[PDB]
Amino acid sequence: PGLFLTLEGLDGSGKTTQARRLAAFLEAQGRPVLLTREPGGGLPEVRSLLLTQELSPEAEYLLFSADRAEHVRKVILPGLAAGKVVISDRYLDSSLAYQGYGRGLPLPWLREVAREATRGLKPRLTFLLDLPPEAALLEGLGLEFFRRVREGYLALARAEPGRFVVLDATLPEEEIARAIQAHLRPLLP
């Protein structure tokens, strides 16, 4: 059965911090956990490709999608099948926010690509660490871009209000962790 959880937010919003704290927290409860990440959980060498100068946004998304396809097939679905809690530090929503709202690619196309790439796999909960855009720190990742991405993430959360849990990324680390834990307690068990 398993449980699929993701962390999302701008660069520097505390995703990795919270994903790792959550993994350790759940491991301490005796739960089998698999901690993974994008980009690179599927095809580690995609990280080299993604640094290529002057990439079209289309090519950028297609690279993230290639990694995502491998990631879902070889890592996430097998983890879930073994009954693990699988936590991914970034997932599809990162592409929707960055390549969609940030770069301007059409969301329906992103979703059509993803439908095969992800085999339709959706997280049960997505913890969005909402960070002011000026605090964030690929090419052209400036303030205008980060404002679009930040608001994009908030739009995705309003559209799927049961899946997304929106948290103020500027709260103390331990307060955010307790909030994440509270949202999880009824799901585990």
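Rigid core (definition): largest C-alpha set, two forms, superposition within 1.5 Å. We number the residues from 1 along the sequence you see.
Engineer: Rigid core fitted first, then name the stretch among 54 to 62 and 154 to 162 whose C-alphas deviate most from the displayed form in 6 other deposited structures of this protein.
Structural biologist: Per-stretch check in 6 other deposited structures of this protein: the more divergent one is 54 to 62.
Engineer: Which of the two stretches, 42 to 50 versus 122 to 130, has its Cα atoms farther on average from this form in 6 other deposited structures of this protein when everything is superposed by the rigid core?
Structural biologist: Relative to the shown form, the greater RMS C-alpha distance in 6 other deposited structures of this protein belongs to 42 to 50.
Engineer: Among other entries of this protein with both neighbours modelled, does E139 go without coordinates in a third or more of them?
Structural biologist: Other entries vs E139: at least a third skip it.
Engineer: Please figure out whether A28 and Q29 are truly consecutive in the deposited sequence or have unmodelled residues between them, and give none, 1 to 3, 4 to 9, or 10 or more.
Structural biologist: Missing in between: none.
Engineer: Looking at the entry, does 42 to 50 or 127 to 135 show the higher mean C-alpha B-factor?
Structural biologist: The deposited B-factors put 42 to 50 ahead on the C-alpha mean.
Engineer: Of 180 to 188 and 1 to 9, which one has the bigger average CA B-factor?
Structural biologist: According to the PDB entry, the answer is 180 to 188.
Engineer: Highest Cα temperature factor in the entry, among the options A155, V149, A59, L141: which one is it?
Structural biologist: Answer, based on the entry's C-alpha B-factors: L141.
Engineer: Take the CA temperature factors straight from the PDB entry and tell me which of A82, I87, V75, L110 peaks.
Structural biologist: Result of the comparison over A82, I87, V75, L110: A82.
Engineer: Place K122 in the lowest, middle or highest third of its chain's C-alpha B-factors, as listed in the PDB entry.
Structural biologist: Top third by C-alpha B-factor.
Engineer: Which third of the chain does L55 land in by C-alpha B-factor: lowest, middle or highest?
Structural biologist: As the PDB entry reports it, the C-alpha B-factor of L55 lands in the highest third of its chain.
Engineer: Of the three thirds of its chain by CA temperature factor, lowest, middle or highest, which one includes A66?
Structural biologist: It belongs to the lowest third of the chain when residues are ordered by C-alpha B-factor.
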